[PDB]
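Data from work.json: JSON, N, CA, C and O atoms
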[["chain", "number", "residue", "atom", "x", "y", "z"],
["G", 1, "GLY", "N", 17.43, -13.17, 22.38],
["G", 1, "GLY", "CA", 17.09, -12.35, 23.53],
["G", 1, "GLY", "C", 16.46, -11.03, 23.13],
["G", 1, "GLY", "O", 15.28, -10.98, 22.79],
["G", 2, "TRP", "N", 17.26, -9.97, 23.16],
["G", 2, "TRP", "CA", 16.76, -8.64, 22.79],
["G", 2, "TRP", "C", 16.67, -8.52, 21.27],
["G", 2, "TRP", "O", 15.93, -7.69, 20.75],
["G", 3, "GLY", "N", 17.44, -9.35, 20.57],
["G", 3, "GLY", "CA", 17.44, -9.32, 19.12],
["G", 3, "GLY", "C", 18.47, -10.28, 18.54],
["G", 3, "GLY", "O", 18.76, -10.24, 17.35],
["G", 4, "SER", "N", 19.02, -11.13, 19.40],
["G", 4, "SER", "CA", 20.02, -12.09, 18.96],
["G", 4, "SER", "C", 21.16, -11.38, 18.23],
["G", 4, "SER", "O", 21.52, -11.75, 17.11],
["G", 5, "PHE", "N", 21.73, -10.37, 18.88],
["G", 5, "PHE", "CA", 22.82, -9.61, 18.28],
["G", 5, "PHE", "C", 24.11, -10.44, 18.28],
["G", 5, "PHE", "O", 24.83, -10.48, 19.28],
["G", 6, "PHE", "N", 24.39, -11.08, 17.15],
["G", 6, "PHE", "CA", 25.59, -11.90, 17.03],
["G", 6, "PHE", "C", 25.95, -12.10, 15.56],
["G", 6, "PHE", "O", 26.88, -11.47, 15.05],
["G", 7, "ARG", "N", 25.21, -12.97, 14.88],
["G", 7, "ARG", "CA", 25.46, -13.24, 13.47],
["G", 7, "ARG", "C", 25.33, -11.97, 12.64],
["G", 7, "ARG", "O", 25.87, -11.88, 11.54],
["G", 8, "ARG", "N", 24.60, -10.99, 13.17],
["G", 8, "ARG", "CA", 24.41, -9.73, 12.47],
["G", 8, "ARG", "C", 25.75, -9.06, 12.19],
["G", 8, "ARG", "O", 25.85, -8.16, 11.35],
["G", 9, "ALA", "N", 26.79, -9.49, 12.90],
["G", 9, "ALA", "CA", 28.12, -8.93, 12.72],
["G", 9, "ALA", "C", 28.72, -9.37, 11.39],
["G", 9, "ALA", "O", 29.85, -9.01, 11.06],
["G", 10, "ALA", "N", 27.97, -10.16, 10.63],
["G", 10, "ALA", "CA", 28.45, -10.65, 9.34],
["G", 10, "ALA", "C", 27.32, -11.32, 8.57],
["G", 10, "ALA", "O", 27.55, -11.95, 7.53],
["G", 11, "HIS", "N", 26.10, -11.19, 9.07],
["G", 11, "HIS", "CA", 24.94, -11.80, 8.42],
["G", 11, "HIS", "C", 25.20, -13.28, 8.14],
["G", 11, "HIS", "O", 25.51, -13.66, 7.01],
["G", 12, "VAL", "N", 25.09, -14.10, 9.18],
["G", 12, "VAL", "CA", 25.32, -15.53, 9.05],
["G", 12, "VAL", "C", 26.73, -15.81, 8.54],
["G", 12, "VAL", "O", 27.61, -16.17, 9.32],
["G", 13, "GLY", "N", 26.94, -15.62, 7.24],
["G", 13, "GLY", "CA", 28.24, -15.85, 6.65],
["G", 13, "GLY", "C", 28.32, -15.32, 5.23],
["G", 13, "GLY", "O", 29.16, -15.74, 4.45],
["G", 14, "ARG", "N", 27.42, -14.39, 4.91],
["G", 14, "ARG", "CA", 27.39, -13.81, 3.57],
["G", 14, "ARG", "C", 27.41, -14.90, 2.51],
["G", 14, "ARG", "O", 27.06, -16.05, 2.77],
["G", 15, "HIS", "N", 27.83, -14.54, 1.30],
["G", 15, "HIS", "CA", 27.89, -15.50, 0.20],
["G", 15, "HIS", "C", 26.56, -16.24, 0.05],
["G", 15, "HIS", "O", 25.61, -15.70, -0.52],
["G", 16, "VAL", "N", 26.49, -17.46, 0.58],
["G", 16, "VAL", "CA", 25.27, -18.24, 0.49],
["G", 16, "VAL", "C", 24.08, -17.44, 1.00],
["G", 16, "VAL", "O", 22.96, -17.59, 0.50],
["G", 17, "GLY", "N", 24.32, -16.58, 1.98],
["G", 17, "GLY", "CA", 23.26, -15.76, 2.54],
["G", 17, "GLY", "C", 22.62, -14.87, 1.50],
["G", 17, "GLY", "O", 21.42, -14.95, 1.25],
["G", 18, "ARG", "N", 23.43, -14.02, 0.88],
["G", 18, "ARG", "CA", 22.93, -13.11, -0.15],
["G", 18, "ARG", "C", 22.34, -13.90, -1.32],
["G", 18, "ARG", "O", 21.13, -13.88, -1.55],
["G", 19, "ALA", "N", 23.21, -14.58, -2.06],
["G", 19, "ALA", "CA", 22.76, -15.37, -3.20],
["G", 19, "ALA", "C", 23.89, -16.26, -3.71],
["G", 19, "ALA", "O", 25.03, -16.15, -3.27],
["G", 20, "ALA", "N", 23.56, -17.16, -4.64],
["G", 20, "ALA", "CA", 24.55, -18.07, -5.20],
["G", 20, "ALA", "C", 23.98, -18.80, -6.41],
["G", 20, "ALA", "O", 24.72, -19.47, -7.14],
["G", 21, "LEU", "N", 22.67, -18.68, -6.61],
["G", 21, "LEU", "CA", 22.02, -19.35, -7.73],
["G", 21, "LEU", "C", 22.66, -18.91, -9.05],
["G", 21, "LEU", "O", 22.48, -19.56, -10.08],
["G", 22, "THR", "N", 23.40, -17.81, -9.01],
["G", 22, "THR", "CA", 24.06, -17.30, -10.20],
["G", 22, "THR", "C", 25.20, -18.22, -10.63],
["G", 22, "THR", "O", 25.43, -18.44, -11.82],
["G", 23, "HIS", "N", 25.91, -18.76, -9.64],
["G", 23, "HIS", "CA", 27.03, -19.66, -9.92],
["G", 23, "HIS", "C", 26.52, -20.97, -10.52],
["G", 23, "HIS", "O", 25.76, -21.70, -9.88],
["G", 24, "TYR", "N", 26.95, -21.26, -11.74],
["G", 24, "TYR", "CA", 26.54, -22.49, -12.41],
["G", 24, "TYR", "C", 27.05, -23.71, -11.66],
["G", 24, "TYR", "O", 26.64, -24.84, -11.93],
["G", 25, "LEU", "N", 27.96, -23.48, -10.72],
["G", 25, "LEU", "CA", 28.53, -24.57, -9.94],
["G", 25, "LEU", "C", 27.42, -25.40, -9.30],
["G", 25, "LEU", "O", 26.84, -25.00, -8.29]]
Represent the structure contained in this file as structure tokens.
Amino acid sequence: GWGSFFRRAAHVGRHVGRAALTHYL
């Protein structure tokens, strides 16, 4: 709508959001 103010309260779900390629897992 005006900016989809929702997930911004946690940026999707962090972790995978920011990065994860570092984890050899």
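The space between atom CA of residue G:6 and atom N of residue G:18 spans 16.4 Å.
One distance worth recording is that between atom CA of residue G:10 and atom CA of residue G:25, which is 23.8 Å.
Going from atom CA of residue G:22 over to atom CA of residue G:9, you cover 24.7 Å.
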